[PDB]
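Peer 1: model.cif is the file, holding mmCIF, C-alpha atoms and all ligand atoms:
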```
data_target
loop_
_atom_site.label_atom_id
_atom_site.label_comp_id
_atom_site.auth_asym_id
_atom_site.auth_seq_id
_atom_site.Cartn_x
_atom_site.Cartn_y
_atom_site.Cartn_z
CA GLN Z 1 64.07 51.44 156.81
CA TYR Z 2 64.01 53.48 153.55
CA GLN Z 3 61.91 56.44 152.51
CA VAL Z 4 60.92 55.92 148.86
CA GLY Z 5 61.05 58.88 146.48
CA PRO Z 6 60.36 59.29 142.76
CA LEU Z 7 60.85 56.62 140.12
CA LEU Z 8 64.21 57.14 138.33
CA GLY Z 9 63.79 54.57 135.59
CA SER Z 10 62.42 51.17 134.73
CA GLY Z 11 62.42 48.38 132.18
CA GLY Z 12 61.79 44.63 131.88
CA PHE Z 13 64.51 44.01 134.49
CA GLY Z 14 62.56 46.00 137.13
CA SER Z 15 62.51 49.56 138.52
CA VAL Z 16 64.76 52.04 140.27
CA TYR Z 17 63.63 54.70 142.77
CA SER Z 18 65.30 57.61 144.47
CA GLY Z 19 65.36 57.09 148.22
CA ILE Z 20 66.68 58.13 151.63
CA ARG Z 21 68.06 55.90 154.37
CA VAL Z 22 65.82 56.79 157.33
CA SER Z 23 68.53 56.38 160.01
CA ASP Z 24 71.06 58.95 158.68
CA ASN Z 25 69.29 60.70 155.73
CA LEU Z 26 71.82 59.20 153.26
CA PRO Z 27 70.68 59.50 149.63
CA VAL Z 28 70.25 56.06 148.02
CA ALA Z 29 68.80 54.39 144.96
CA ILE Z 30 66.46 51.46 145.40
CA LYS Z 31 66.61 48.96 142.61
CA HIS Z 32 63.95 46.25 142.23
CA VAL Z 33 65.03 43.30 140.17
CA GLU Z 34 62.35 40.89 138.89
CA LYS Z 35 63.25 37.24 139.56
CA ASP Z 36 61.79 35.94 136.29
CA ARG Z 37 63.82 38.45 134.23
CA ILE Z 38 67.18 37.49 135.75
CA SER Z 39 68.90 35.32 133.13
CA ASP Z 40 72.17 34.87 135.08
CA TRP Z 41 72.18 33.77 138.73
CA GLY Z 42 75.13 33.60 141.12
CA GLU Z 43 75.89 32.28 144.61
CA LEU Z 44 77.56 34.07 147.54
CA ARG Z 45 71.39 32.17 145.25
CA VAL Z 46 71.29 35.87 144.12
CA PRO Z 47 71.34 37.92 140.91
CA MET Z 48 74.80 37.98 139.31
CA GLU Z 49 74.58 41.76 139.77
CA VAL Z 50 74.82 41.32 143.56
CA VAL Z 51 77.86 38.99 143.20
CA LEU Z 52 79.58 41.48 140.89
CA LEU Z 53 78.83 44.52 143.02
CA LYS Z 54 80.12 42.85 146.17
CA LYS Z 55 83.36 41.97 144.30
CA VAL Z 56 83.88 45.63 143.31
CA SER Z 57 82.06 47.43 146.19
CA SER Z 58 85.14 46.79 148.31
CA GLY Z 59 86.73 50.20 148.96
CA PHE Z 60 86.54 53.54 147.15
CA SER Z 61 86.21 53.81 143.37
CA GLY Z 62 84.38 55.03 140.25
CA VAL Z 63 81.84 52.24 140.78
CA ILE Z 64 78.48 52.85 142.52
CA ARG Z 65 78.61 50.92 145.79
CA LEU Z 66 76.05 48.31 146.90
CA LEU Z 67 75.03 49.26 150.46
CA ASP Z 68 72.55 46.49 151.22
CA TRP Z 69 70.19 44.11 149.50
CA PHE Z 70 66.96 42.24 150.33
CA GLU Z 71 65.12 39.29 148.90
CA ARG Z 72 61.35 39.15 148.31
CA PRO Z 73 59.20 36.33 146.90
CA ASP Z 74 59.29 37.66 143.32
CA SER Z 75 62.20 40.10 143.34
CA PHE Z 76 65.44 41.28 144.89
CA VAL Z 77 65.82 44.81 146.17
CA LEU Z 78 69.22 46.51 145.95
CA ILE Z 79 70.24 49.60 147.88
CA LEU Z 80 72.82 51.63 146.00
CA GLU Z 81 74.84 54.78 146.59
CA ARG Z 82 73.27 57.96 145.17
CA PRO Z 83 75.29 61.13 144.60
CA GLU Z 84 73.34 64.38 144.87
CA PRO Z 85 73.27 66.41 142.69
CA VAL Z 86 73.80 63.82 139.92
CA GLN Z 87 73.37 63.59 136.13
CA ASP Z 88 73.97 60.60 133.85
CA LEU Z 89 76.38 61.09 130.98
CA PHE Z 90 73.68 60.62 128.31
CA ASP Z 91 71.61 63.56 129.68
CA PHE Z 92 74.76 65.58 130.18
CA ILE Z 93 75.76 65.15 126.52
CA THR Z 94 72.17 65.75 125.36
CA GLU Z 95 72.19 69.14 127.15
CA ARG Z 96 75.67 70.34 126.34
CA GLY Z 97 76.34 68.80 122.92
CA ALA Z 98 79.76 67.38 121.96
CA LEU Z 99 82.23 67.78 124.85
CA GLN Z 100 85.40 69.82 124.76
CA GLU Z 101 88.34 67.45 124.47
CA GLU Z 102 89.72 68.53 127.86
CA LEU Z 103 86.46 67.49 129.45
CA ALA Z 104 86.13 64.27 127.44
CA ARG Z 105 89.73 63.40 128.51
CA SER Z 106 88.90 63.77 132.22
CA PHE Z 107 85.68 61.78 131.91
CA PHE Z 108 87.18 59.06 129.72
CA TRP Z 109 90.19 58.71 132.04
CA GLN Z 110 87.86 58.18 135.05
CA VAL Z 111 85.85 55.61 133.15
CA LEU Z 112 89.08 53.78 132.26
CA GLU Z 113 90.12 53.78 135.95
CA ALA Z 114 86.68 52.41 136.93
CA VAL Z 115 86.76 49.69 134.29
CA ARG Z 116 90.32 48.72 135.25
CA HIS Z 117 89.11 48.38 138.84
CA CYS Z 118 86.29 46.07 137.78
CA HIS Z 119 88.64 43.92 135.67
CA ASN Z 120 91.23 43.80 138.48
CA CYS Z 121 88.40 42.53 140.74
CA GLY Z 122 87.40 39.79 138.26
CA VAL Z 123 84.31 41.65 136.99
CA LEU Z 124 83.27 42.49 133.42
CA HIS Z 125 80.55 45.17 133.12
CA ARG Z 126 79.42 44.32 129.52
CA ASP Z 127 77.19 47.44 129.11
CA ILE Z 128 79.53 50.46 129.34
CA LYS Z 129 77.74 53.45 127.81
CA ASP Z 130 76.75 57.05 128.56
CA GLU Z 131 73.47 56.03 130.27
CA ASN Z 132 75.37 53.79 132.76
CA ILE Z 133 77.72 56.54 133.89
CA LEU Z 134 76.74 58.99 136.63
CA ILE Z 135 78.41 62.32 137.16
CA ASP Z 136 78.74 63.53 140.76
CA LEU Z 137 78.35 67.16 139.70
CA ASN Z 138 79.92 68.79 142.84
CA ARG Z 139 83.04 66.60 142.77
CA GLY Z 140 83.48 66.02 139.01
CA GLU Z 141 83.59 62.26 139.74
CA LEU Z 142 82.13 59.61 137.44
CA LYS Z 143 80.52 56.37 138.68
CA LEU Z 144 79.66 53.20 136.80
CA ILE Z 145 76.21 51.77 137.36
CA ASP Z 146 74.09 48.79 136.34
CA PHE Z 147 76.00 45.52 136.53
CA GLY Z 148 72.83 43.70 135.51
CA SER Z 149 74.38 42.51 132.23
CA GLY Z 150 77.81 41.79 133.66
CA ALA Z 151 79.76 38.58 134.28
CA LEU Z 152 82.81 37.20 136.03
CA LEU Z 153 85.87 38.06 133.94
CA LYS Z 154 87.32 34.98 132.16
CA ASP Z 155 89.93 34.44 129.41
CA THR Z 156 87.74 32.32 127.13
CA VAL Z 157 84.90 33.26 124.76
CA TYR Z 158 81.52 34.69 125.80
CA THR Z 159 78.50 33.52 123.81
CA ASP Z 160 75.84 35.47 125.69
CA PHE Z 161 75.26 39.22 125.48
CA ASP Z 162 72.41 41.37 126.80
CA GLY Z 163 74.08 44.76 126.90
CA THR Z 164 73.46 47.54 124.36
CA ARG Z 165 73.65 46.50 120.67
CA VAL Z 166 75.01 49.75 119.18
CA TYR Z 167 77.87 49.53 121.71
CA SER Z 168 78.50 45.86 120.85
CA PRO Z 169 81.47 44.78 118.79
CA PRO Z 170 81.47 43.44 115.21
CA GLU Z 171 82.55 39.95 116.41
CA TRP Z 172 79.32 39.79 118.44
CA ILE Z 173 77.22 41.07 115.50
CA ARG Z 174 78.74 38.46 113.13
CA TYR Z 175 79.68 35.36 115.13
CA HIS Z 176 77.82 35.84 118.42
CA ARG Z 177 81.21 35.39 120.16
CA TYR Z 178 83.61 37.83 121.90
CA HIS Z 179 86.35 38.04 124.48
CA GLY Z 180 85.89 40.20 127.58
CA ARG Z 181 88.64 42.82 127.43
CA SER Z 182 88.57 43.44 123.71
CA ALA Z 183 84.75 43.78 123.70
CA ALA Z 184 85.07 46.27 126.61
CA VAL Z 185 87.66 48.34 124.65
CA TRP Z 186 85.27 48.44 121.66
CA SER Z 187 82.49 49.86 123.88
CA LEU Z 188 85.03 52.37 125.21
CA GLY Z 189 85.80 53.47 121.64
CA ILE Z 190 81.99 53.99 121.06
CA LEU Z 191 81.84 55.95 124.33
CA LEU Z 192 84.79 58.22 123.56
CA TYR Z 193 83.33 58.93 120.05
CA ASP Z 194 80.02 59.75 121.74
CA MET Z 195 81.71 62.20 124.12
CA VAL Z 196 83.60 64.14 121.45
CA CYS Z 197 80.95 64.00 118.67
CA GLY Z 198 77.73 64.12 120.74
CA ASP Z 199 76.29 60.89 119.30
CA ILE Z 200 77.40 57.27 118.70
CA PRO Z 201 79.17 56.48 115.41
CA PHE Z 202 77.13 53.45 114.25
CA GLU Z 203 73.36 52.77 114.22
CA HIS Z 204 72.96 49.64 112.06
CA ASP Z 205 74.65 46.22 112.13
CA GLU Z 206 76.14 46.92 108.70
CA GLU Z 207 77.94 50.07 109.88
CA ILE Z 208 79.34 48.20 112.92
CA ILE Z 209 80.60 45.37 110.69
CA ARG Z 210 82.13 47.84 108.23
CA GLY Z 211 83.82 49.79 111.08
CA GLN Z 212 84.50 52.96 109.06
CA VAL Z 213 84.53 55.87 111.44
CA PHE Z 214 83.24 59.19 110.13
CA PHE Z 215 83.75 62.23 112.35
CA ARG Z 216 80.77 64.59 112.36
CA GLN Z 217 82.47 67.18 114.60
CA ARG Z 218 85.96 68.69 114.69
CA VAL Z 219 88.13 66.21 116.62
CA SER Z 220 91.92 66.35 117.00
CA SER Z 221 93.98 63.84 115.07
CA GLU Z 222 95.26 62.24 118.29
CA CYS Z 223 91.74 61.66 119.62
CA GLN Z 224 90.58 60.30 116.25
CA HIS Z 225 93.52 57.88 116.26
CA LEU Z 226 92.72 56.57 119.79
CA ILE Z 227 89.07 56.15 118.82
CA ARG Z 228 89.93 54.27 115.61
CA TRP Z 229 92.33 52.04 117.54
CA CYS Z 230 89.63 51.17 120.11
CA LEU Z 231 87.29 50.44 117.17
CA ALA Z 232 89.66 48.11 115.28
CA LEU Z 233 87.63 45.43 113.50
CA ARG Z 234 90.01 42.67 114.64
CA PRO Z 235 89.64 42.23 118.42
CA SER Z 236 93.37 41.57 118.91
CA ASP Z 237 94.22 44.82 117.10
CA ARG Z 238 92.50 46.85 119.88
CA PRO Z 239 94.64 48.51 122.56
CA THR Z 240 94.95 47.22 126.14
CA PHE Z 241 93.84 49.52 128.98
CA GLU Z 242 97.52 50.34 129.47
CA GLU Z 243 97.94 51.32 125.82
CA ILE Z 244 94.84 53.53 126.03
CA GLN Z 245 96.05 55.31 129.14
CA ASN Z 246 99.58 55.77 127.67
CA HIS Z 247 98.15 57.22 124.42
CA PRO Z 248 99.35 60.78 123.74
CA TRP Z 249 95.73 62.07 123.73
CA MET Z 250 95.34 60.85 127.37
CA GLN Z 251 98.22 62.86 128.84
CA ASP Z 252 97.87 65.69 131.43
CA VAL Z 253 94.34 64.77 132.61
CA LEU Z 254 92.55 67.24 134.88
CA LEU Z 255 91.80 66.21 138.45
CA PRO Z 256 88.11 65.53 139.15
CA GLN Z 257 87.72 68.67 141.28
CA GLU Z 258 89.42 70.87 138.62
CA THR Z 259 87.07 69.27 136.08
CA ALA Z 260 84.13 70.32 138.26
CA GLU Z 261 85.46 73.90 138.72
CA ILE Z 262 86.19 74.47 135.02
CA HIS Z 263 83.38 72.54 133.31
CA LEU Z 264 80.62 71.88 135.74
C1 LIG C 1 66.24 52.29 133.06
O1 LIG C 1 66.77 52.94 134.24
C2 LIG C 1 67.74 52.38 135.04
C3 LIG C 1 68.14 51.06 134.82
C4 LIG C 1 69.10 50.43 135.60
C5 LIG C 1 69.67 51.17 136.60
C6 LIG C 1 69.29 52.49 136.85
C7 LIG C 1 68.32 53.13 136.08
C8 LIG C 1 67.93 54.60 136.34
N1 LIG C 1 68.66 55.56 135.47
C9 LIG C 1 68.28 55.42 134.06
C10 LIG C 1 68.98 56.46 133.17
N2 LIG C 1 70.42 56.54 133.46
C11 LIG C 1 70.81 56.57 134.85
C12 LIG C 1 70.12 55.46 135.63
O2 LIG C 1 69.99 53.08 137.94
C13 LIG C 1 70.84 52.15 138.45
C14 LIG C 1 71.74 52.37 139.59
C15 LIG C 1 71.96 53.57 140.43
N3 LIG C 1 72.76 53.46 141.51
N4 LIG C 1 72.79 54.74 142.08
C16 LIG C 1 72.01 55.60 141.39
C17 LIG C 1 71.73 56.94 141.58
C18 LIG C 1 70.89 57.59 140.68
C19 LIG C 1 70.32 56.91 139.60
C20 LIG C 1 70.60 55.56 139.40
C21 LIG C 1 71.43 54.93 140.32
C22 LIG C 1 70.69 50.93 137.65
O3 LIG C 1 71.37 49.85 137.88
#
```
How does this structure look as structure tokens?
Ligand SMILES: COc1ccc2c(c1CN1CCNCC1)O/C(=C\c1n[nH]c3ccccc13)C2=O

Peer 2:
Amino acid sequence: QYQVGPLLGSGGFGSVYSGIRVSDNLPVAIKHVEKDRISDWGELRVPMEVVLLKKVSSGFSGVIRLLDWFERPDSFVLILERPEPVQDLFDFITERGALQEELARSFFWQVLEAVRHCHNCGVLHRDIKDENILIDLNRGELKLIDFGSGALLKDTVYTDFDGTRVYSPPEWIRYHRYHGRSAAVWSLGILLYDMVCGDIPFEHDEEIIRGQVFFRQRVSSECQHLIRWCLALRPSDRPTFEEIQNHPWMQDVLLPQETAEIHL
């Protein structure tokens, strides 16, 4: 039913391959998830990732859609949308360096819309970062991938975390506790810094806990202010998604197709 192409990436979780749906030639990604490396299971018994993707794969959005899934004795196999041509945001930033603010604004806006969609669907991603964002290069559209560390959104504290440390908030580093929305906004602050500076702002636990943001590239005062707000040490000091999107730096965003024409 699927023609398997080259390996795209792998880890302890499993492995992801480029692929083609035989019936209509649709480009897909084929993600193999090892049963013994799934720490969080859900019910419809499946990986939480399948639960989460089904909850958000309803309709159009800036989330990669789950097309089908299969169970094997030792693994699940997930069939996911694959834009072509595509580049992840990490590779994009590696190649082009720090992004022009106009471009970072368009990208960051689309990520915000995607994350709002997840939260509105009861889903918390928990690993928002450049590597988990795909750019549909023809359309200038961004897509969130990899819900393998995610969880149902709740209003009470989380005490588990298996996303990316350097994108994790100081409350996690110190007390191994965080709330969903405010932890997400922290990771968004790390992401926006990464876009406009070309690298993440903190490498060690001590820098995260200190929370002093040093800008290594020229960044406008308005952008710096948004970033520093997202990276407030006190979780409750961080902006809501609404406050982020109403921030003066976020005004007059380019459309995705204009973004493609101008920058891609
Ligand atoms: C270590 O590599 C991983 C790990 C988890 C996932 C994954 C990959 C492959 N690459 C790794 C580098 N950044 C982009 C994704 O791709 C996923 C989903 C995809 N859905 N559609 C795609 C289309 C192209 C590439 C990846 C995907 C994952 O969940």

Peer 1: Got a sec to check which residues lie within 7 Å of ligand LIG 1 (chain C), using only C-alpha atoms and all ligand atoms, and send them as a ChimeraX atom specification?

Peer 2: /Z:8-11,15-16,18,28-29,31,64,80-83,86,88,131-134,145-148

Peer 1: Give me, please, the distance in Å between atom CA of residue Z:239 and atom CA of residue Z:136, quoted to one decimal.

Peer 2: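 Atom CA of residue Z:136 lies at a distance of 28.5 Å from atom CA of residue Z:239.
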
Peer 1: Expressed in Å to a single decimal, how great is the separation between atom CA of residue Z:39 and atom CA of residue Z:191?

Peer 2: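 Between these atoms lies a distance of 25.9 Å.
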
Peer 1: Could you please determine the separation between atom CA of residue Z:124 and atom CA of residue Z:92 in Å, to one decimal place?

Peer 2: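 Those two atoms sit 24.8 Å apart.
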
Peer 1: I'd like the neighbourhood of residue Z:176 as a short mmCIF file (atom, residue, chain, number, x, y, z; two decimals) with C-alpha atoms, in the frame of the given file, where a residue qualifies if any of its atoms comes within 12 Å (using only C-alpha atoms), though same-chain residues fewer than 3 positions away should be ignored.

Peer 2:
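Contents of result-v9.cif, freshly written:
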```cif
data_model
loop_
_atom_site.label_atom_id
_atom_site.label_comp_id
_atom_site.auth_asym_id
_atom_site.auth_seq_id
_atom_site.Cartn_x
_atom_site.Cartn_y
_atom_site.Cartn_z
CA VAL Z 157 84.90 33.26 124.76
CA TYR Z 158 81.52 34.69 125.80
CA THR Z 159 78.50 33.52 123.81
CA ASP Z 160 75.84 35.47 125.69
CA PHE Z 161 75.26 39.22 125.48
CA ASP Z 162 72.41 41.37 126.80
CA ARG Z 165 73.65 46.50 120.67
CA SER Z 168 78.50 45.86 120.85
CA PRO Z 169 81.47 44.78 118.79
CA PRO Z 170 81.47 43.44 115.21
CA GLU Z 171 82.55 39.95 116.41
CA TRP Z 172 79.32 39.79 118.44
CA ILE Z 173 77.22 41.07 115.50
CA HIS Z 179 86.35 38.04 124.48
CA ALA Z 183 84.75 43.78 123.70
#
```

Peer 1: Can you list, as a ChimeraX atom specification, every protein, DNA or RNA residue that comes within 6 Å of stretch 251-257 of chain Z when you count all atoms listed in the file, leaving out same-chain residues fewer than 3 positions away?

Peer 2: /Z:106,139-141,248,260

Peer 1: Within 10 Å of residue Z:26, counting all atoms listed in the file, which residues qualify if same-chain residues fewer than 3 places away don't, as number ranges by chain?

Peer 2: Z: 2, 19-23, 81-84

Peer 1: Nearest to residue Z:198 among Z:224, Z:94, Z:138, Z:3, with distances taken over all atoms listed in the file: which residue is it?

Peer 2: Z:94

Peer 1: If you count all atoms listed in the file, which residues fall within 10 Å of residue Z:164, apart from same-chain ones fewer than 2 positions away, as a ChimeraX atom specification?

Peer 2: /Z:126-129,149,161-162,166-168,187

Peer 1: Taking only C-alpha atoms into account, name the residue in Z:70, Z:109, Z:229, Z:175 that is nearest to residue Z:142.

Peer 2: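 Result for the nearest residue to residue Z:142: Z:109.
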
Peer 1: Identify, on the basis of only C-alpha atoms, every residue whose closest approach to residue Z:71 does not exceed 12 Å; exclude the query and any residue fewer than 2 positions from it along the same chain; express the result as a list in words.

Peer 2: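 Counting only the stated atoms, we get residues 31, 32, 33, 34, 35, 45, 46, 47, 50, 68, 69, 73, 74, 75, 76, 77, 78 and 79 of chain Z.
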
Peer 1: Nearest to residue Z:13 among Z:200, Z:184, Z:56, Z:38, with distances taken over only C-alpha atoms: which residue is it?

Peer 2: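 Of all the options, Z:38 lies closest to residue Z:13.
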
Peer 1: Please, which residues are within 10 Å of (88.4, 55.9, 126.7) by the file's coordinates, counting only C-alpha atoms, and could they come as a PDB file with C-alpha atoms, in the frame of the given file?

Peer 2:
```pdb
ATOM      1  CA  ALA Z 104      86.130  64.270 127.440  1.00  0.00           C
ATOM      2  CA  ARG Z 105      89.730  63.400 128.510  1.00  0.00           C
ATOM      3  CA  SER Z 106      88.900  63.770 132.220  1.00  0.00           C
ATOM      4  CA  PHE Z 107      85.680  61.780 131.910  1.00  0.00           C
ATOM      5  CA  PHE Z 108      87.180  59.060 129.720  1.00  0.00           C
ATOM      6  CA  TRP Z 109      90.190  58.710 132.040  1.00  0.00           C
ATOM      7  CA  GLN Z 110      87.860  58.180 135.050  1.00  0.00           C
ATOM      8  CA  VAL Z 111      85.850  55.610 133.150  1.00  0.00           C
ATOM      9  CA  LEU Z 112      89.080  53.780 132.260  1.00  0.00           C
ATOM     10  CA  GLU Z 113      90.120  53.780 135.950  1.00  0.00           C
ATOM     11  CA  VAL Z 115      86.760  49.690 134.290  1.00  0.00           C
ATOM     12  CA  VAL Z 185      87.660  48.340 124.650  1.00  0.00           C
ATOM     13  CA  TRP Z 186      85.270  48.440 121.660  1.00  0.00           C
ATOM     14  CA  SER Z 187      82.490  49.860 123.880  1.00  0.00           C
ATOM     15  CA  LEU Z 188      85.030  52.370 125.210  1.00  0.00           C
ATOM     16  CA  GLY Z 189      85.800  53.470 121.640  1.00  0.00           C
ATOM     17  CA  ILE Z 190      81.990  53.990 121.060  1.00  0.00           C
ATOM     18  CA  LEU Z 191      81.840  55.950 124.330  1.00  0.00           C
ATOM     19  CA  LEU Z 192      84.790  58.220 123.560  1.00  0.00           C
ATOM     20  CA  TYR Z 193      83.330  58.930 120.050  1.00  0.00           C
ATOM     21  CA  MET Z 195      81.710  62.200 124.120  1.00  0.00           C
ATOM     22  CA  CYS Z 223      91.740  61.660 119.620  1.00  0.00           C
ATOM     23  CA  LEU Z 226      92.720  56.570 119.790  1.00  0.00           C
ATOM     24  CA  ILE Z 227      89.070  56.150 118.820  1.00  0.00           C
ATOM     25  CA  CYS Z 230      89.630  51.170 120.110  1.00  0.00           C
ATOM     26  CA  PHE Z 241      93.840  49.520 128.980  1.00  0.00           C
ATOM     27  CA  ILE Z 244      94.840  53.530 126.030  1.00  0.00           C
ATOM     28  CA  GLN Z 245      96.050  55.310 129.140  1.00  0.00           C
ATOM     29  CA  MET Z 250      95.340  60.850 127.370  1.00  0.00           C
TER      30      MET Z 250
END
```

Peer 1: Between Z:264, Z:99, Z:52, Z:233, which one has atoms that come closest to residue Z:153, using only C-alpha atoms?

Peer 2: Z:52
